[PDB]
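Down below is the structure, laid out as structure tokens.
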Amino acid sequence: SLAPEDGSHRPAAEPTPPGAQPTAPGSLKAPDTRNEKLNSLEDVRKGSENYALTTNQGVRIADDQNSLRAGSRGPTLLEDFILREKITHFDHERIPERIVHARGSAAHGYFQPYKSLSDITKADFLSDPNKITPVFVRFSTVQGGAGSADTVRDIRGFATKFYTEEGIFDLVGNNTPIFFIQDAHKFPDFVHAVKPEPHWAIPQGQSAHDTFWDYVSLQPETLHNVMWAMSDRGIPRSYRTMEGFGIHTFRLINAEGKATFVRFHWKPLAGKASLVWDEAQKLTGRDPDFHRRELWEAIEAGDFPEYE
Amino acid sequence: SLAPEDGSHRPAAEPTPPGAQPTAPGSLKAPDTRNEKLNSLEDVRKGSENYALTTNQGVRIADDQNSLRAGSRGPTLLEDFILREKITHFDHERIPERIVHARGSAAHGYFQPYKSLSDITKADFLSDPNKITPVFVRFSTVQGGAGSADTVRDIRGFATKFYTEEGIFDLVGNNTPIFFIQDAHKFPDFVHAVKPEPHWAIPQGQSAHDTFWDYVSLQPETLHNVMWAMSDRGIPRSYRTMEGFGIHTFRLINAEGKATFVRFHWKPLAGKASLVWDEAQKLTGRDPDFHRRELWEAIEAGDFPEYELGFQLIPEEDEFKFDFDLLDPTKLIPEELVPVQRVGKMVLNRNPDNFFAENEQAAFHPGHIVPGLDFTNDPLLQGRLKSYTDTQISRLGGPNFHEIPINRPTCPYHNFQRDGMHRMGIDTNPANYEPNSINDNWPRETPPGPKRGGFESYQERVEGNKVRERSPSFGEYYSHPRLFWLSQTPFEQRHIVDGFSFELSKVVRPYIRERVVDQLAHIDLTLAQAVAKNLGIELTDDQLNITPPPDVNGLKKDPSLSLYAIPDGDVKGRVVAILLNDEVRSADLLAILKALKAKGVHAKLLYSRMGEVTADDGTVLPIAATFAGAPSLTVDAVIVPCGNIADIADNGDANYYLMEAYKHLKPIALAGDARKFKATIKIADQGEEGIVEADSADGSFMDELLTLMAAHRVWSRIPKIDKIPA
Amino acid sequence: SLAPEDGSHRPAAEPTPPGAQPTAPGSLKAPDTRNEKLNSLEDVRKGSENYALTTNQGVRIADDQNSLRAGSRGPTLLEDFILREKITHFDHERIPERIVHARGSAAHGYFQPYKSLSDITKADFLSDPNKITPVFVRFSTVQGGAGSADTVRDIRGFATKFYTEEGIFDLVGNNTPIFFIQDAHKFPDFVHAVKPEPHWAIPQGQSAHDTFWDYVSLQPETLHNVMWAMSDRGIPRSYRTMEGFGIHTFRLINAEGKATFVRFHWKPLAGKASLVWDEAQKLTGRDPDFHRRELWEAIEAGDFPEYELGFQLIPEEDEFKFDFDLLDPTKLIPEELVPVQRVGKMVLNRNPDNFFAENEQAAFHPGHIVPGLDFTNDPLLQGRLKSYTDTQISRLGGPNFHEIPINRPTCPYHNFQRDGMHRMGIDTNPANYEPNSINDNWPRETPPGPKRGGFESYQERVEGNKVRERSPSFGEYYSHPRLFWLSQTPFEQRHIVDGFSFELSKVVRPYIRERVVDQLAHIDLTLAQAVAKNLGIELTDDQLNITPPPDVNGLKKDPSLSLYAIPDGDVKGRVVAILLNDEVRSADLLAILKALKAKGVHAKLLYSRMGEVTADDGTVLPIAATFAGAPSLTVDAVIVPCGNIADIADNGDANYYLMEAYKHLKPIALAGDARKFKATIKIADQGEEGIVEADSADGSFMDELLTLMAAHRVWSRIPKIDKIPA
Amino acid sequence: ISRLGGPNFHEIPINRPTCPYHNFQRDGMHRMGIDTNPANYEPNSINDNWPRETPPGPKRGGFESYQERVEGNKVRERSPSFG
Ligand code: HEM
Ligand code: HEM
Ligand code: HEM
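Residue numbers (the working numbering), protein chains in the order written: chain W, 4 to 311; chain F, 929 to 1654; chain G, 929 to 1654; chain X, 1160 to 1242.
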């Protein structure tokens, strides 16, 4: 039940254009792409070739096709511990999805500053143009579930974890430079209003329904981010072709103790580009994994997403 | 006071057609629709009107718009317990979704048998035609997450919780009569292979990817249900228009101890109807909630989903009388050999109040049987029995999931089990063990008997060694696929070939496509050649000479396997788009709308904008949706009344509406100058079957249109659509 | 039927003294003790008598003794869904214990004010003496697990949940009026220091180990509560005989918006009483459930625990009038400076039905306040507010813990929070957000006001920079420990020295012992020297010369800090051991039992075996327990009546009973020839205060014994116990 | 599953095997192991079917149960021999 003789089951471990080979796990596609975070995960990476099939307790399995039964047409027996572990693990695979931004696509990479920022901040990851910081970035929609579609009309998240020498810094931003509401106390109200309505749990991935527009009509502070959502910003061509923003004013603190107010931005070096509505909506049906796929294939092709 | 003065925020508490009023919680929409289960939920239903807003501890909130801060521009303070509760509860709203069938839509209803089945089963819910059993039914897809789309190509789940006077019975079935695999030990393999691939978590709601077809190519036992999924069975028009099956052979046990083998069926009283692939795919985009919405709105309209429960019954002494093993879940029992005997009717007549509380938390499990029913050694059923209680420990947070309101029996339940997370019941029994003397041994065991007796397993003889071995009787894989194929109409067979062709075209590794084509050549050469041609694959001389599998007990077809070979059309509950213009012929619209109403067919009035238009006689017509807003995908037929057609003749959306409905084989009727649209869809002057046209919508115009709607789609149009650019 | 013919399996549903009947769930023992909370639980109470045993799905079980197997010696079969459900529920019975206060014992009761406090608070529960508020109170230790022992040396928790008409108010206090630390940031440090050490998880229920004393020696703020723990406060006789304190300064807010600072007090109406250390430690071995049992049996007997709620009230303008900071929870407010105003009484009159469902799952949280109360900036209180809701997410499984029956408010609760694990309430509101129009904005905010108003924080002025810095006003550590020390009687002081001496002897690293003695020398030289002498440590020159800390606002003692300085003894509910012989003088028993009954003091009749003995007039005397089976540790006094003393005079166990009681300073009474036992306790011919002796047990002998009992223990005996080997 | 929080309790360090363990099980709360296998199912061709079943044998073989003879009816019944 094996591989074709020609080795065509296995993608080449070199950059290849979208469609040219089957996609594959990053460490097998690009084994020589490394950074300090990717290497540190080696303790938990598990291979598979040449290894025997076992239970989680390390017992080799001889027949992974059949339950233990009393005769070959008889009842399954309680002492089949190999069936039991396998089905138990399956039965507990799912964990709760994120309350918001449940739909999202992620990749590893690295950051470096162009020059030291020590005059305005003592943050170590911005102190030296030749000190590189690994990152992990997840891009997301907001409203829909983890199995909802990519090219919906929605705000997009753009979350970067920087693994710095002085701690993890997470820059948890969106693709518009404002949010819909002013005070966190209203967040469950706003989110409840945009999410599927509670009697029937419709609509998925859409603010196009009564509760969302009800809230907006009654809370004019939402109008600014609503304008953004209704423009073609709401339907990016790719996570590579949208802007990012931390939205809030934060502070930078330098070694002298001086505070400077700061708002964060990501500029996409592939430029800004969006779909048009009819195309975005139809694409949720023809390929609901369009942005996930496009990101993954850009990285396999060497079109690495870059942001300033 | 934020509601509009005119009370138009609030839907009428009476049955109303789809889109007429906002949808609402079932107990608000239909407060007078009751059954024993819905009434037992009253203890936990919570209203809202006229009540003060409070924390969960009952403290009234004064300002639900602001956090507590030091200064109106200052920092938020830790002492804000009201903000803290409200955000904590939001932060923990989600629970794990179901491992499979995570996407599903549910409703309350009731079941009653047509006659007492006491001669064959002592099951209390089937003992008396006047005994009504409340039900809760959830329909679902299989692969996709809870946020995935409805009209994917996939198998559908059909699960019924019968709240009986002798315990909960859950009939947890699907919409095809077999499963993909034989032994539960392979379920994680099969499901892993169909679900999104583990490196990148693509694709959602689709079997059209390498790992699924790699597994199918290596496990020919799957081919039978793969045939059903590749047919139009995989894309139903509505949960009201698909069949349901328990798949496994179970047992009925009567009061005298006699066991009869049984397979369970549900027959849709609305008939069998499916979409076509392009329409279903495109509909996952334009309305990924289409089935959920359709079910809720049918119920709000009074088009209650009805199903007839049927049994295929096989005497114990006939176990070995077929060419296939009755315990093999990849084999169906053809109705030509063993007819379905009608047993009773289920009506689904009220929506839930809160989807999460009642739908998302419902827990069904096929091990929940009641005296009068029993299992067999089907090795797929046998393994299911270990899964459905276990999974509920994480999904629903512990062993007291039966105390979540929707899951509660309506009959008594008492035992010595105690504690666990979220324990609601406060037990007063002095004893938590038996045997006990300190409570005189209560609650007590009950012997089996003809009614109200304790459960005892049928004493089936077991004989064999402890083995991990598939029965040799299960090792046949192609005859049932072939029977299914031969039973389909020519247009159904085309759709099957196109399903395989589309799916295998998304398989990136070509050797897998070839291997699947080789399996198809073991089933039927015509099917294999037609899929191969679509894939640019040439069968070898060896493939062309594979001998066809034998007939199934002498049958070379069984028409009950087809959706369409035997007409069972029912137009009630269907919907028609009506494409308006700014000066509609009011007489056409009168004739159209009243004819639809008389047959319970709904209408949606469409235009190029919202608001109103005024008919020729001054009648003000409210617009339900724009042509783009409610695409032809969402209706069963399209009518264009006469009027000022030049208004919409150059509207690309209007023209495309007709081309889309035409490609997808829907009836189209054109009155008066609306016949100018004939050139958009290339209709000959003299007309064509499946297009209704006349000088006005009067006389036989609506009857002819309704006749087409009864037949569902215009299959004869298939050759003409290949050419059209839509 | 397994119950005995005579019905002696079932306890009478009437008040009965400790040991007279088997104990029972509260709604069976006292079915007509009612309050609004107990009544509202009726919807989840489950009975048992006369019901069939079923699965949780309602299926009747026939054979609850056997698994389903293939043959009666064969393998168990996966299809046994009855065995699976029963074992699955058992497998998941346990939930995490509380992080602290895991060991605790709880009862239902009610509270009523003595007068309307509307001049000082708009809290609805305090507004009217006829307003009765149901409570559920849980007492606890702090350090040990849910299965650790009750009579350890520890602080005790005293948590009351008030089910008011305007919200749940939880008063989550302890039995000492301060805490060990100042800022909540240190809580995990202090708790990790006192809890079992991390390498080997020893010792359970004890602070007597290196890490606790290391932390104390390095954090002098702890020393005040450390003084209380080492005093006999740390070892209460009963939860009925200790004080309760909220510890923090809170605020009362009246209808005019005026804030008054308040600290809360509970005064035990049975008086203050504690064990002695040897007795407490031995009782953790003989009955680790002693306090839980005492509370349960006191309520079953009608000896309801009663407490008076007290407030210390300080006007806002007086915030800085003391030489300690009102916000510093390591500081007490001496009653000599601010008297406790008696505000109402709380009576605990019914045990739970199911310990797990009602005690283990109860969730209390000091942030649960109601309109009319508010917080202060006490930095320990502030951080508590973040802990008690968060911890309930893992302990009780999610954010719907307020829907677990015991935690539910009895007043209305309505808001827009939805979902979460084990969601019971099914919301029918069309809206789950506000502002909404589609339900006319209901449930709606309510402005604050004199009654039934929404919650608004008191608008305290905040001025300062964002800093992690301890207020300099908190930086004084020795004056309150000294005030406490000087307020104790000389025997209380000796017990303190002995607590420190015993604990520090168990610290393996001697430098920690020396550092703690250094701290003591900053409090009081006499205390420091006495502990040092017991540890073989010599104070330095410098230590001998440490200036004692200042008085507290001119106070050099406050007798309200002593357990015993001011008599407040109550004998009702106490217990006397009566040591029988095989021919007891019936006239003694009549007199003894009569006099005890008059004062509500219980008795237990003890002998050297179970069954009965017969008194001189043929009265049959049932035996409650043996001398070894119910040790003197478990009683408040011992009486030996006359009769055939030779039956018992060389019973080692009888003599021991009397030596142990004597060592533990318990009143002993000896009648007639019972005076032969004077030799085993070395009592002089002419008597000794604390030993009652006469020719027979007349009413004079009993009045004397009962007067010793009112004074709890015989402190004058201390210098004499040194010599007895017990 | 409730005591240790999910189905990956064998990845808690004290419970981990010291010998190799490789199979097609995935996910579950607190998942530590990061699987690189292209396949999470078998039979598969895309990873040449690895990791693979192993026949039983004298050493290093896969587990097979002893083929004990089973004969009787499906009963809930204590063996009289235990009485
Ligand atoms: C400026 C406005 C906000 C932005 C830019 C933002 C951004 C995001 C992003 C990008 C994620 C997904 C992170 C990931 O990929 O896992 C996320 C998750 C989340 N956010 Fe926010 N958010 C905002 C406001 C809020 C507010 C006001 C709250 C609640 C007070 C909130 C609560 C959450 C929660 C509960 C998650 C799920 C986090 C998790 O499960 O790990 N967000 N947010
Ligand atoms: C005849 C073959 C099968 C049929 C007809 C079937 C049908 C269904 C249906 C309809 C549901 C959804 C119930 C709902 O709406 O909540 C479901 C859920 C489920 N099934 Fe099956 N199933 C089959 C085979 C299996 C097998 C072999 C296993 C594993 C041994 C399995 C394990 C599960 C689990 C884990 C769930 C989630 C159940 C829950 O979370 O409540 N199923 N199945
Ligand atoms: C004056 C100081 C404090 C007092 C009087 C006090 C009192 C109590 C009491 C009586 C309980 C047991 C309630 C029950 O019976 O279920 C308890 C539990 C608890 N406390 Fe405190 N406590 C104090 C300080 C703190 C601090 C500073 C923290 C954390 C910052 C904390 C966190 C907790 C937690 C986690 C529990 C377990 C709560 C639960 O599981 O429901 N406590 N406390």
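Backbone N, C-alpha and C define an ideal beta-carbon position, used for all residues, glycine too.
Under the Cβ criterion (8 Å, minimum of three pairs), the segment 1577-1597 of chain G counts as touching the segment 1619-1634 of chain G.
Taken in chain order, the whole alpha helix (DSSP H) runs of length 4 or more contained in the segment 1395-1466 of chain G are 1407-1415, 1418-1433, 1438-1449 and 1453-1463. By the Cβ-count criterion, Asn1473/G is exposed, with fewer than 16 other Cβ atoms from all chains shown falling within 10 Å of its own Cβ. Annotated three-state conformation of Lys164/W is strand, per DSSP.
Taking CB atoms only, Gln1184/X has a neighbour in chain W less than 8 Å away. In the same chain as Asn1367/G, and ignoring 5 residues on each side of it, the C-beta atoms closer than 8 Å to its own belong to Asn1357, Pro1358 and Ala1359, in chain order. Taking C-beta atoms as the reference points, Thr1258/F and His1293/F fail to come closer than 8 Å. Distances taken from the Cβ of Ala187/W to the heavy atoms of ligand 1 include one shorter than 7 Å. Boundaries for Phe1218/F: no beta strand (DSSP E) harbours it, while the alpha helix (DSSP H) harbouring it runs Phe1218 to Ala1229, taken from the DSSP string.
Only residues of its own chain outside the window of five on either side were considered, and among them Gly1164, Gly1165, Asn1167 and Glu1170 have a CB closer than 8 Å to the CB of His1189/X, listed in chain order. When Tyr1038/G, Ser936/G, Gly1382/G and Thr1004/G are compared, the shortest CA-CA separation from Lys965/G is found for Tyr1038/G.
Note that the segment 196-212 of chain W touches the segment 1283-1290 of chain F; at least 3 beta-carbon pairs, one per stretch, sit closer than 8 Å. Counting every other CB atom within 10 Å of its CB across the protein chains shown gives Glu168/W a total below 16, marking it as exposed. Inter-residue distance for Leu930/G and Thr1374/F is about 16 Å (C-alpha atoms, whole angstroms). Taking 8 Å as the threshold, the shortest C-beta distance from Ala149/W to chain G does not fall below it. In the pairwise beta carbon analysis, the segment 1533-1540 of chain G is classified as touching the segment 1567-1583 of chain G: at least three pairs are separated by under 8 Å.
Taking a 10 Å sphere around the C-beta of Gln1226/X, we find fewer than 16 other C-beta atoms and assign the residue as exposed. The beta carbon of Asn1153/F does not come within 8 Å of any beta carbon belonging to chain W, so the residue lies off that interface.
Rounded to whole angstroms, the gap between the alpha carbons of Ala990/F and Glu246/W is 39 Å. The residue from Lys974/G, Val1529/G and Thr1177/G with its alpha-carbon nearest to that of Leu1308/G is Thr1177/G. For the set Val1390/F, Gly1348/F, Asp1019/F and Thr982/F, the Cα lying nearest the Cα of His1020/G is the one of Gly1348/F.
Of the candidates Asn69/W, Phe293/W, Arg266/W and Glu259/W, the residue whose Cα lies closest to the Cα of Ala1112/F is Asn69/W.
Residue range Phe1009 to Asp1019 is occupied by the alpha helix (DSSP H) that includes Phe1018/G. Below the 8 Å Cβ cutoff, chain G contributes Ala990 as neighbours of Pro1375/F, in chain order. For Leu1467/F, same chain residues with a beta-carbon under 7 Å away, outside a window of 5 residues either side, are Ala1449, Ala1456, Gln1457 and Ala1460 in chain order. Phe248/W and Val175/W have their C-alpha atoms some 9 Å from each other. The three-state reading of DSSP puts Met1349/G in coil, since its state is none of H, G, I, E or B.
The criterion of a C-beta distance shorter than 8 Å is not satisfied by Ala952/G and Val1298/G. Annotated three-state conformation of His1530/F is strand, per DSSP.
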